[PDB]
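**Student:** fold the following and give me the result.
(chains A, B, C, D, E, F, G, H, I and J, ligands or ions: 2)
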Amino acid sequence: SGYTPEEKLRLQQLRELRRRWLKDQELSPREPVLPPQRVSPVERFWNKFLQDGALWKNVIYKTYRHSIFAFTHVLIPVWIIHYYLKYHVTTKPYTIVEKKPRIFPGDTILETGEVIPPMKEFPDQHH
Amino acid sequence: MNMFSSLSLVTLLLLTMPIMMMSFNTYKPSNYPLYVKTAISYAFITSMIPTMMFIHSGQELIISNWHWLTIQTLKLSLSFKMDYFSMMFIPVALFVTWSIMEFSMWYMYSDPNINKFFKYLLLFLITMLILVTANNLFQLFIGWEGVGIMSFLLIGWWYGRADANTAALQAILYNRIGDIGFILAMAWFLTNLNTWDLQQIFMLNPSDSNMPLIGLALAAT
Amino acid sequence: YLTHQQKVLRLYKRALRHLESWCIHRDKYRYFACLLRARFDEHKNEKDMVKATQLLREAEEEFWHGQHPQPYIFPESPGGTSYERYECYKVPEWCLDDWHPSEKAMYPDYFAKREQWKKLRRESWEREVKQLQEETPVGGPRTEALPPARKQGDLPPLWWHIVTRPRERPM
Amino acid sequence: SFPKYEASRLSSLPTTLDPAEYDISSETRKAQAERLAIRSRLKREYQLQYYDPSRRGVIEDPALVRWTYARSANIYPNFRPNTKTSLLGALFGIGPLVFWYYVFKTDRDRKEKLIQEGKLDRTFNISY
Amino acid sequence: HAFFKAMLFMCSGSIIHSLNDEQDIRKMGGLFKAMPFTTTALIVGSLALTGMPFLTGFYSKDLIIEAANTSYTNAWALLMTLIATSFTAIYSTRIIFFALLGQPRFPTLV
Amino acid sequence: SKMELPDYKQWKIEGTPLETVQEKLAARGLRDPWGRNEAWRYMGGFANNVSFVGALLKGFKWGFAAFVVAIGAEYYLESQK
Amino acid sequence: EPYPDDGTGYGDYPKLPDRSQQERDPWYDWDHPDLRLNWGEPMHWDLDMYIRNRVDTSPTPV
Amino acid sequence: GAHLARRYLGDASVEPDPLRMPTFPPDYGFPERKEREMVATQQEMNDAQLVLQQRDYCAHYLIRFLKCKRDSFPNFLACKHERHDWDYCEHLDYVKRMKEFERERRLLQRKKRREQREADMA
Amino acid sequence: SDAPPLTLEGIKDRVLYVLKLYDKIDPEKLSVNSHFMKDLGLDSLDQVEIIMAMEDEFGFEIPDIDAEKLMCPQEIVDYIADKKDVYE
Amino acid sequence: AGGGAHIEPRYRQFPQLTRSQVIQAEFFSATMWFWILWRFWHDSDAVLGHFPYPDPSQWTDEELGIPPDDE
Ligand SMILES: C[C@H](CCC(=O)O)[C@H]1CC[C@H]2[C@@H]3[C@H](O)C[C@@H]4C[C@H](O)CC[C@]4(C)[C@H]3C[C@H](O)[C@]12C
Ligand SMILES: *C(=O)CCCCCCCCCCCCC
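**Tutor:** Residues are numbered from 1 along each chain as shown, chains lettered A, B, ... in the order given. Ligands and ions are numbered 1, 2, ... in the order given. Provided below are the atomic coordinates:
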C-alpha cells in the first residue's frame, strides 16, 4: 500500500529541486564581503607579538588583559565610589550607620583609653 | 569603615558595567560572554573583603547614599543593609553564578543570541542582589518583581514553542497571586507603623502581627 | 478516514511504545514484545469482518486501561521537550526582498543565485495554473495532492514553498 | 471488563473508545467523504493565491471576518429580552455591586464606632 | 543548598547534551565509565542531597532534623519531614540507577 | 568524513542476557527476531558495569590508604614534642 | 447546527464541537500550524479560548 | 518522646504541662536551696551584644569564647576548647531544667495519693 | 550542536545495517530496491516493527500516516533525507 | 568550543576516553572518601552523639529534693 506511481515521481521531482536549493544555501569562500575595517596599532602589536604559540609570553598577555580589566572595572569605580562616599554621602547625618564594635572584658579603648575589668573568677572544671 | 563600605558597593556597581557597555560603547560581540563571566569573577573577590571583616570583628553597617522621595512623614532612600544575611549570600550567589555562566558558554555556544542570553542572566543577578541587600520594603519590592520578570523572559527563551510561552505566563500568574500578600504587608506597615524601613519595623516591634505576617507567608508561598 | 487495516497497525504501533515504557530495560522489553506480538497472530487469521471489529474495540478498550500515564515521547514530536524549539530561527524567504542594498552587497554570489529562482518560478507559474485546472474535475478538486510534472522542463505545480521552506536547523 | 471511560466537557471521549468510528454505513462513507470535498475546494482556492508570485499583501479570510463580526457587532440585533437574559443580567450586573456595598458599608460602619470611642489602636498612624 | 543543587543541574545538562537533547531516563544508562567526571560529580552531589555525614548539607540538613525532633512542634508535621528525607534517597537512587548503571538504552550514533 | 561502520557479523546474542529471552520464548514456540539488533548493548566496553553499592564506593581504596597514613602521620608529631 | 435560539445574540453562527485545538491531528499540514486551522474554515465561537496556550480538553488517562 | 504516650494515651493529672510547669510553693521542700549566681551582671552582657536568648547563664562562657574568635582570626580551627566549655556549660543547664520535669512529675504522683486516701477513707 | 552532519550515502548504510539484523530477511536478497510485499512478500505488521527500528535508530519518529507508505529500503533514505535537510 | 579534543563519534561501541578525564574524576572520588574518613575520625560526636543522655529513671528521690511520703 505504498506510493502510487504519481506520488513517487512527485516526491522525486521535489527532492531534485529541494537538494538543489539547499546547495544554493552555501557561502562562497569570498563571502561575506565585509567592508574595509580599520585595525588599531595596539591590536597590531599583539597579533605580531603573539604570532606563534609561545605559551611562555601568553602569561604576560593574560596579565595585560586582567590588568586592564582590574583597572577600568575595579580601581576606577572604587575611586568614584570612595570619593562619593567619603566627601558626599558621609557629610550628612546617618547616611552610613555602623554597628558599635563589641566590647569584651579586659579590653582597652583606642580613643578614650578605658579598661574594662575582667569577669569574675570562673568556678570551672576540666572537660 | 571606608574600605568596608567602598568594597560593598563596588561589587554591585561592577555587575552593571556589562549592561552599560551594551549600549554600543565597545562592540566585541564574539567576546561578550567572556566579558560577562570575568565581571562575575572579580565581583566574588571584591565581596570577600567585606565578608572577611564581618567574620573577624562582626562589622555591620547601613548605607543610605541617596534621597529619592519624601512623602510627607515617610522618607524613601536607596538604602543598603550589609549584615549577616547579605555578607554570606553575596559571595555564595556570585560563586555559584560564576560557574553557571562558565558552563553556559559551552552549553549555549550554538545559540544565535548567546549575547542576549548573558545580558538576561546578568539582569537577574542584579535584581537578586537588590532583593537581598534591600533595607526598606519598597526597594525589596523592586528586586522582588525584577526576578519575577526576568524569569518570564528566560523561561520563554525559545518563543516559537507554545508550551514555553504557556510555562512563561504560568510563572507570572502564580507569583502575581503571591504579590497580593506582599502589598498587603506594605499597606499594614505604613498604616500602623508609619514606615517601610526594617530598622523602624523592628524597633517598634508590634505585638499583633497576624495580618502583616500572613501576607508575607503568601508572598513566600 | 482510517481503514480497518490501518487501525490495527496503529494500535499495534502504539501498544509497543507504551509497553516499551513499562520495561525500560531492553531485554525485558524483548520478552514481552514477542508475547504481545503473538496475541495479534492468535486472531490474525480471522476473516469474519464482524468479530474482528469486536476484538478491536475490546483491544482498544484494553489498551486504554493499561496505557502508560506518561509515555515516552521522542524530543521532536507533538509533546516532546524540543518540539518547535527552533521555530523562532525559521524566517520566510521573502524577507530578503526588503534587505538594504548595502547589506545585500555583503553576499554578491548568494543573491545572484536567488534571482534565477524568482525567474524560474515566475516563468513556471503560468504552466502550473494551466496544469491544475485541466487535471481537476469540473466541479472542483476532490482531494489533496497535486499532479507531478508531466513533460520535461515543467516543474511540479505548487512547488515554491514546499521546495524553498526554511531549514529544520537554521542556526 | 474494565471500567468504561466517562467523558465530560473538559475531557472528551477518546476516538478509539467511541462506538461511532467503527460502524461503516452508506451515509458515513458518503458523509466523511463530503467533508474532505469542500475541505479540498477551499485549500485549492487558498493554494492559488498563496503560491502566486504577483501578490504582496494579506489573503482576506471570510471565515475570520464572520468570526469577529458575530462576536462584536451581531450580538445585539439577535438579542431578545426574555426570562433568561433578564435574570442572568440582573444577578451578574446588580448582584455583585449590592454584595460589595454591604461588605464595605458594614466594615466601615464597624470601624467608625471603634475610632470615635477610642477602642481602635492608631498610636503611630500619621499617614492616610 | 546552592552549591550542590546547581552542580546537579549542570551535571544533568552534561548528560542531556551528549545524548542529543534527550531528557527521559528511560532512554539513558551505562554512563558510569563513558563520562567519568560527570558521574563523579553526580554521585558527589547526589550524596550531598541525601545528607552524607561530613559533606556540605550535613552542617545544615542534619542540624535541622535535630531541632525539629526535639522541639515543641506539630507531630504530623514532624512526621512528614522525616518521611520526606527518606524520599530524598529514593529518587536520588532513581537518577543514579537509570542514568549510570545497567546497560545503555540510548541510540547507536551518539 | 567517511565514517566506517563496524562489521555486522559480530552481534551474537549468546553469552549476554538477551539469550535468556530466547530460551523463554522458545518454551512457547517463538523467537525474538530483533535480538541481534539489541546485542550491541552488552558486548564490548558496555559488558558488565559496577553495582550501585560499588559505584558509591568509587575511589574508596585510595581514600582509606590516605586516611591511615594521615592519622599515622599526625600521630608521629603528636606525642613527640 | 445553529446555537439554541434563546435570545442571547448567537444568531445563525455554527455551533462547532467544544473541542480544544490541541485535539487535532498534529501532523496534518495546517495552513496555520500553531492554531491548527484551515483557511476558509468556520472558526469556533470560543476559538480564542481553545488556543494551545489555554483551556485544553484532551482525553485523560484517569 | 516516650512520655507523650503517657500524657495523651494515659493519665493527664500525673504528667506535668510544659506550659504550666510547677506553680508549686517556693523553695520550701528542698532544705537550704541555693540561689543560682551570675557572672556578667548587667554591663558585660550588654557590651558584647549577646543575643536576647543566648545570654541566660553561660554568658561568661559565651563571652569568653567570643573573645577567642576575634583574636584567633583567621585560625577558625582554634578556640575549640572554648566552644567545648560553653557546650558543656549549656548541657548542665539543660539537665538542670530537665530535673525540674522529673521533680514535679513525682511530686504530682505523690500529691495524688494523699487525695486518694481522703476519698477512700470512708 | 556538534552532531556530525548526515550524508546521503551515510544514511543508506545505517538503514540497511538495521534491516540486516532483522533475522527475517535474506541479507543477499535485500537491496536498495526490495519491496516488502511484491518482491519478497514481508508481512504488513513487520512494517510496523521495521519502521519502529528505524525510528529508534535515527532518533526522530516517522508519522504513522506516512510510515504505512514506505516499504522500500531506498525510500526510507529518501524520507529521512527530506526530513533532516541532507543534500550531499 | 574550547580545546576541542575532537574524539570521533564512534558507531555502536564504547565512546573514546582521554587520560585527563579518569585521573581527575578519580582524584575527587578519593578526595571525598579521604575527607569523609578524616573528619569522622577526629570528631565522631557530631554524627553519633555529643553527650550521653541522662536517664531520669536511674535517679534517686533524694537528689531531686522530694519530701518524704510520710510528711
Ligand atoms: C580579561 C578577559 C578574558 C581574558 C583573560 O582571561 O584575561 C578579556 C576577554 C575580552 C575583554 C574585554 C572586551 O575586549 C571589551 C573591552 C575591550 C577593551 O580592551 C576595554 C576592556 C574590555 C571590557 C575588555 C576587558 C578584558 O580584557 C576582557 C574581558
Ligand atoms: C519523641 O519526641 C520522639 C519523636 C521522634 C518521632 C519519630 C518516632 C519514630 C519511631 C519509630 C520507631 C523507632 C523505635 C526505636
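**Student:** and residue 53, what are its phi and psi?
**Tutor:** Because you didn't say which chain, this covers chain A. The phi/psi pair for residue A:53 (degrees, to the nearest 10) reads phi -50, psi -70.
**Student:** any figure for the gap between it and residue A:66?
**Tutor:** According to CB to CB, to the nearest Å, residue A:53 and residue A:66 sit 20 Å apart. Using the backbone N, CA and C atoms, a C-beta is placed for each residue, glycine as well.
**Student:** and chain J, which residues reach chain I?
**Tutor:** residue J:9 (CB under 8 Å from any CB of the partner chain).
**Student:** any part of the helix ranked longest in chain E near chain B?
**Tutor:** The residue-count maximum for a helix in chain E (DSSP state H) belongs to helix E:75-100. No - counting by CB under 8 Å from any CB, chain B has no neighbours in helix E:75-100; the shortest distance is 14.9 Å.
**Student:** elements contacting that helix?
**Tutor:** Identification of packing neighbours for helix E:75-100 by 3 or more CB pairs under 8 Å, 6 or more residues apart in numbering or on different chains; DSSP states H and E yields helix E:36-50, helix E:63-69, helix F:52-56.
**Student:** most tightly packed of those?
**Tutor:** Among the helices and strands packed on helix E:75-100, helix E:36-50 has the highest mean neighbour count (mean count of other CB atoms under 10 Å in any protein chain shown), at a mean of 21.
**Student:** wait, what's in contact with residue 107?
**Tutor:** Using chain A here. For residue A:107, the contacting residues are A:115-116, by CB atoms under 8 Å, 6 or more residues apart in numbering or on different chains.
**Student:** my question was about chain B, not that one.
**Tutor:** Per CB under 8 Å, 6+ apart, neighbours of residue B:107: E:13, E:17.
**Student:** and what of the one 4 residues further on?
**Tutor:** Contacts of residue B:111 were listed using CB under 8 Å, 6+ apart, and they are residue B:117.
**Student:** give me the distance between it and chain J.
**Tutor:** 12 Å (CB to the nearest CB, to the nearest Å).
**Student:** what helix or strand is that residue located in?
**Tutor:** Assessed by DSSP states H and E, residue B:111 sits outside every helix and strand.
**Student:** now residue C:158
**Tutor:** Using DSSP H and E, residue C:158 falls outside every helix and strand.
**Student:** close enough to count as contact, it and residue D:47?
**Tutor:** Yes - using CB atoms under 8 Å, residue C:158 is in contact with residue D:47, at 5.7 Å.
**Student:** put the alpha carbons of the helix or strand where residue C:31 lies into PDB.
**Tutor:** Using DSSP H and E, residue C:31 sits within helix C:26-44. Extracted in PDB, the C-alpha atoms of helix C:26-44 (Å, rounded to 0.1, in the frame of the first residue of the first chain):
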ATOM      1  CA  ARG C  26      15.800  -3.700  26.700                       C
ATOM      2  CA  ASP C  27      15.900  -7.400  27.500                       C
ATOM      3  CA  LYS C  28      12.700  -7.300  29.500                       C
ATOM      4  CA  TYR C  29      11.100  -5.400  26.600                       C
ATOM      5  CA  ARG C  30      12.000  -8.100  24.000                       C
ATOM      6  CA  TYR C  31      10.500 -10.800  26.200                       C
ATOM      7  CA  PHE C  32       7.100  -9.100  26.300                       C
ATOM      8  CA  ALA C  33       7.200  -7.600  22.800                       C
ATOM      9  CA  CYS C  34       7.100 -11.200  21.400                       C
ATOM     10  CA  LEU C  35       4.200 -12.100  23.800                       C
ATOM     11  CA  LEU C  36       2.200  -9.100  22.700                       C
ATOM     12  CA  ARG C  37       3.300  -9.800  19.200                       C
ATOM     13  CA  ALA C  38       1.900 -13.300  19.500                       C
ATOM     14  CA  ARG C  39      -1.600 -12.200  20.800                       C
ATOM     15  CA  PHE C  40      -2.100 -10.500  17.400                       C
ATOM     16  CA  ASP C  41      -1.400 -13.600  15.400                       C
ATOM     17  CA  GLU C  42      -3.800 -15.500  17.600                       C
ATOM     18  CA  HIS C  43      -6.800 -13.800  15.900                       C
ATOM     19  CA  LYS C  44      -4.900 -12.500  12.900                       C
END
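**Student:** do it and chain J meet at all?
**Tutor:** No - using CB under 8 Å from any CB, we find that helix C:26-44 stays clear of chain J, coming within 13.3 Å at best.
**Student:** report the contact partners of the residue of chain H found nearest chain A.
**Tutor:** Here the residue of chain H nearest chain A is residue H:47; by CB to the nearest CB that distance is 4.2 Å. Taking CB under 8 Å, 6+ apart, we find residue H:47 in contact with A:102-104, A:116.
**Student:** of the residues you listed, which is the nearest to residue B:199?
**Tutor:** residue A:102 (19.3 Å; CB to CB).
**Student:** do you know how far the residue positioned nearest the centre of chain B is from chain F?
**Tutor:** With distances taken as CA atoms, centre = their mean, residue B:128 lies nearest the centre of chain B, 2.1 Å away. Distance, residue B:128 to chain F, using CB to the nearest CB: 35 Å.
**Student:** apart from its chain neighbours, what residue comes closest to that residue?
**Tutor:** Leaving aside its chain neighbours, residue B:128 sits nearest to residue B:147 (5.7 Å; criterion: CB to CB, 6 or more residues apart in numbering or on different chains).
**Student:** quick check: the one you found touching residue B:129?
**Tutor:** No - assessed by CB under 8 Å, residue B:147 is found out of contact with residue B:129, at 10.3 Å.
**Student:** who's more crowded, those two?
**Tutor:** Legend: neighbour count by other CB atoms under 10 Å in any protein chain shown for residue B:147 and residue B:129, higher for residue B:129 (22 against 17).
**Student:** and the helix or strand that the more buried one is a member of with ligand 1, contact?
**Tutor:** Taking DSSP H and E as the definition, one finds residue B:129 inside helix B:114-133. No - applying CB under 6 Å from any ligand atom, one finds helix B:114-133 separated from ligand 1 by no less than 12.2 Å.
**Student:** so what does that helix touch, helix or strand wise?
**Tutor:** Taking 3+ CB pairs under 8 Å, 6+ apart as the contact cut, helix B:114-133 packs with helix B:2-20, helix B:32-57, strand B:74-82, helix B:84-107, helix B:137-155.
**Student:** does the helix holding residue C:31 reach chain F?
**Tutor:** Yes - against chain F, helix C:26-44 shows contacts by CB under 8 Å from any CB at C:26-27, C:30-31, C:33-35, C:37-38.
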